[PDB]
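Residue strings, one per chain:
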Amino acid sequence: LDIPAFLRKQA
Amino acid sequence: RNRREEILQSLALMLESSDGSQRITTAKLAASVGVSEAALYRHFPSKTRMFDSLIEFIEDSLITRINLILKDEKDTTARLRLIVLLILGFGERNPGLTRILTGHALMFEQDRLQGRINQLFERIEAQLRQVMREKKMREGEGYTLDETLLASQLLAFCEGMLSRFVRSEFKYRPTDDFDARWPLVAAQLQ
Amino acid sequence: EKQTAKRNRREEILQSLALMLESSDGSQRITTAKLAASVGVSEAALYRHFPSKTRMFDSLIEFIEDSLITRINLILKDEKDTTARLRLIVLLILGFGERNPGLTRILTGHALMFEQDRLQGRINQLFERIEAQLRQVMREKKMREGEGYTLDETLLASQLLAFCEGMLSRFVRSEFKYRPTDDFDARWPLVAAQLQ
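Residues numbered from 1 in each chain as written, not as in the entry; some residues may be left out. Chains lettered and ligands numbered in written order. Heavy atoms only, no water.

- In the PDB archive, X-ray crystallography is given as the structure determination method for this entry, at a resolution of 2.3000 Å.

- Named according to the PDB entry, chain C is Nucleoid occlusion factor SlmA originating from Klebsiella pneumoniae subsp. pneumoniae.
- Per the PDB record, the entry is named "Structure of the K. pneumonia SlmA protein bound to the C-terminal tail of the cytoskeletal cell division protein FtsZ".
- Quoted verbatim from the Subunit field of the UniProt record, the comment on chain C reads "Homodimer. Interacts with FtsZ."
- Per its UniProt entry, chain C bears the Sequence similarities comment "Belongs to the nucleoid occlusion factor SlmA family." (UniProt positions renumbered as here; feature names shortened; annotations may be inferred.)

- The name the PDB entry gives chain B is Nucleoid occlusion factor SlmA, with Klebsiella pneumoniae subsp. pneumoniae as the organism.
- In its Sequence similarities section, the UniProt record describing chain B reads: "Belongs to the nucleoid occlusion factor SlmA family."

This is the structure:
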């Protein structure tokens, strides 16, 4: 399961 | 585009932070992205449009993953496990969006936002039931108890985990000791 | 009449509040205005019974954990069988929430969203005391029947707590359509199946 993360810690 | 996502990004972050438990303001939202209140309106007249977009992300992420599960896995119990793990995992990977899922973040906003969330749950639960009803034709033996009862039971456990996740300010994580917790949930499947 | 107008009137307010907490006013905001307009009095006069509002929810909360904790202790006294206790405790929580839709919104934390963080902390502690009371009951297993559970007692306690919160949350978002005790007799054997 590749659970998507709305928030990116590249920002 | 760039600004629009920025606003959404900051909202999700605000929902997950110490301000997440309080009413978000169009003013604060604008400040966090470094724009004026007027400029923010250019992209979103209200926070309602913002929540809509977030809820849409939630629907897509879960529903899409549930369909991939159903295709790559045929074993009923494994399907159920993956789906439950998906819901708990998603909540953990998105503390802010979880507060929307749990209905706390939507207390402030319009009632059709919560209505849309309830529909997502009814939807997931209907899928849960359909997966369960197919056990018979697939394994040669179905559940003794009512699939409706087992599905609600299964989703209730999820809402309970997420509810504690939210109220514990995200200290109590949903997927914690999942390998130990799941066998107990599966045992409830009769 | 100092005491038959001070508490007697201090009830018709908390009554209108509880109802408000579950009616439309539950979806939106509780205002000192709406609150007095229901009990047929002015703001300033509502203020006399309940000065602030942040402390006025404790009056309601503190009817909850008491009405809940005292029953749990009265359950452990009336019943000695471990399983039977956990069943009664879980039914207590469920049954109470069902008969008090408004108070449930407080339990689930939706009614506290508009209030300050002091309150959501009080409710967490309430769940702490319930859960801690679940473990204890579970730990008396060995001494009472011969053997304890094989699985960690905490895990089992939180698992039971999850079931309760899930049913309550579900009770709330469904707008009180899905009653927490509905099909409990069919549900409990499923929950109990976890206890070893």
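Moving on from the coordinates now.
## Side note on the packing of aromatic side chains
Consideration 1: Tallied over the full model, the rule gives 8 aromatic pairs over all chains.
Consideration 2: Seen in terms of ring centroids, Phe 108 of chain B and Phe 114 of chain C are 5.2 Å apart; in terms of plane orientation they differ by 80°. Their pairing is edge-to-face. Placement of the pair is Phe 108 of chain B in the loop between α6 (95-101) and α7 (111-133) and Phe 114 of chain C in the loop between α7 (101-107) and α8 (118-139), with the two residues belonging to separate chains.
Consideration 3: For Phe 108 of chain B, a relative accessible area of 17% corresponds to the buried category.
Consideration 4: Accessibility expressed as a relative area gives 17% for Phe 114 of chain C, which makes it buried.
Consideration 5: Ring-pair connections join several aromatic residues into one group, and the members of that group are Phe 6 of chain A together with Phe 57 and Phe 90 of chain B.
Consideration 6: Of note, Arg 4 of chain B hangs over the ring of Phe 44 of chain B, and the distance from its end group to the ring centre comes to 4.3 Å.
Consideration 7: Just above the ring of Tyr 143 of chain B sits the side chain of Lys 135 of chain B; from NZ or CZ to the centre is 5.3 Å. (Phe/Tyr/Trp six-rings, centres within 6.5 Å; stacked < 30°, edge-to-face > 60°. Helix = DSSP H or I, 4+ residues; strand = E, 2+ residues; numbered from the N terminus. Buried < 20%, exposed > 50% of the residue type's maximum accessible area, 1.4 Å probe, protein only. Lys NZ or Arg CZ within 6 Å of the ring centre and 35° of its normal.)

## Digging into the state of the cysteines
Consideration 1: Under the definition given, this model contains 0 disulfides over all chains.
Consideration 2: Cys 158 of chain B takes part in no disulfide bond, and the closest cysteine sulfur, belonging to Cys 164 of chain C, lies 16 Å away. (Disulfide = S-S within 2.5 Å.)

## A look at the packing of helix α5 (residues 58-78) of chain C against helix α6 (residues 82-99) of chain C
All names here are of chain C.
Consideration 1: Contact geometry for α5 and α6: axes closest at 10 Å, N-to-C directions at 160°. Relative to α6, α5 is oriented roughly antiparallel. As α5 packs across α6, the resulting crossing turns out to be right-handed. When α5 is examined against α6, the residues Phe 63, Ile 64, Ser 67, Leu 68, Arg 71, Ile 72, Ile 75 and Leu 76 are found in contact with a partner set consisting of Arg 85, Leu 88, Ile 89, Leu 92, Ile 93 and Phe 96.
Consideration 2: Here the contact of α5 with α6 is composed, by residue class, of 11 nonpolar, 1 polar and 2 charged. (Axes fitted to C-alpha atoms, helices over the stretch in contact; angles between N-to-C directions. Parallel < 35°, antiparallel > 145°, perpendicular 65-115°, else oblique. Left-handed = near helix turned anticlockwise from the far one by under 90°. Contact = heavy atoms within 4.5 Å. Nonpolar A, V, L, I, M, F, W, Y, C, P; charged D, E, K, R; others polar.)

## Quick notes on the interface of chain C and chain B
Accessible area lost upon the coming together of the parts is a frequently used measure of interface size.
Consideration 1: Taken together, the contact between chain C and chain B spans 37 residues of the former and 36 residues of the latter.
Consideration 2: Roughly 3,200 Å² of surface becomes buried between chain C and chain B when both sides are summed, with 50% attributable to carbon and sulfur atoms.
Consideration 3: When the buried surface of chain C facing chain B is broken down by residue, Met 113, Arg 173 and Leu 190 of chain C rank first, second and third, together holding 24% of it.
Consideration 4: The interface formed by chain C and chain B includes 4 salt bridges.
Consideration 5: For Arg 167 of chain B, the salt bridge identified is with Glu 165 of chain C, shortest N-O distance 2.9 Å.
Consideration 6: The tally of links between chain C and chain B comes to 19 residue pairs in polar contact.
Consideration 7: Sort the elements by how many residues they give to the side of chain C that touches chain B and helix α10 (residues 153-173) of chain C lands first, with 13 residues. (Buried area = accessible area lost by both parts, 1.4 Å probe. Salt bridge = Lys/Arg side-chain N within 4 Å of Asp/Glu carboxyl O. Polar contact = N/O pair within 3.5 Å; in protein donor to acceptor, adjacent residues only side chain to side chain.)

## Focus on the UniProt feature "coiled-coil region" in chain C
Consideration 1: The sites that carry the UniProt feature "coiled-coil region" are, in the present numbering, residues 115-143 of chain C.
Consideration 2: The span residues 115-143 of chain C shows a helical share of 86% and a strand share of 0%, and its end C-alpha atoms are spaced 44 Å apart.

## Observations regarding the UniProt feature "domain: HTH tetR-type" in chain C
Consideration 1: Look at the UniProt record and you will see "domain: HTH tetR-type" annotated at residues 8-68 of chain C.
Consideration 2: Between the end C-alpha atoms of residues 8-68 of chain C the distance is 23 Å, and the span holds 70% helix and 0% strand.

## Details of helix α5 (residues 76-93) of chain B
Residue and element names in this part refer to chain B.
Consideration 1: Compared with an ideal rise of 1.5 Å per residue, which puts 18 residues at 26 Å, α5 spans 25 Å between its outermost C-alpha atoms and is within 8% of the ideal.
Consideration 2: Of all the residues in α5, the buried ones are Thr 76, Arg 79, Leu 80, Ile 83, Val 84, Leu 86, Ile 87, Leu 88, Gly 89, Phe 90 and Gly 91.
Consideration 3: Summarising the contacts, the buried residues of α5 are in contact with α4 (47-72), α6, α7, α8 (135-139), α9 (147-167) and α10 (178-188).
Consideration 4: Its side-chain oxygen placed 3.2 Å from the backbone nitrogen of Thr 77, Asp 75 serves as the N-cap of α5. (Expected span 1.5 Å × (residues − 1).)

## A look at the nonpolar core
Consideration 1: Residues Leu 80 and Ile 100 of chain B are the most contacted members of the largest nonpolar core, which totals 62 residues.
Consideration 2: Among the secondary structure elements, those contributing two or more residues to this core are α1 (2-16), α2 (26-32), α4, α5, α6, α7, α9 and α10 of chain B.
Consideration 3: Of the residues forming this core, the biggest block, 10 residues, is contributed by α4 of chain B.
Consideration 4: Aside from chain neighbours lying at most four places away, what touches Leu 80 of chain B is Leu 128, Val 131, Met 132, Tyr 143, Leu 154, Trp 182 and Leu 189 of chain B.
Consideration 5: Grouped together as the second largest cluster of nonpolar side chains are 57 residues, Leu 14, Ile 93, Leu 107 and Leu 160 of chain C included. (Core = buried A, V, L, I, M, F, W, Y, C linked by side-chain atoms within 4.5 Å.)

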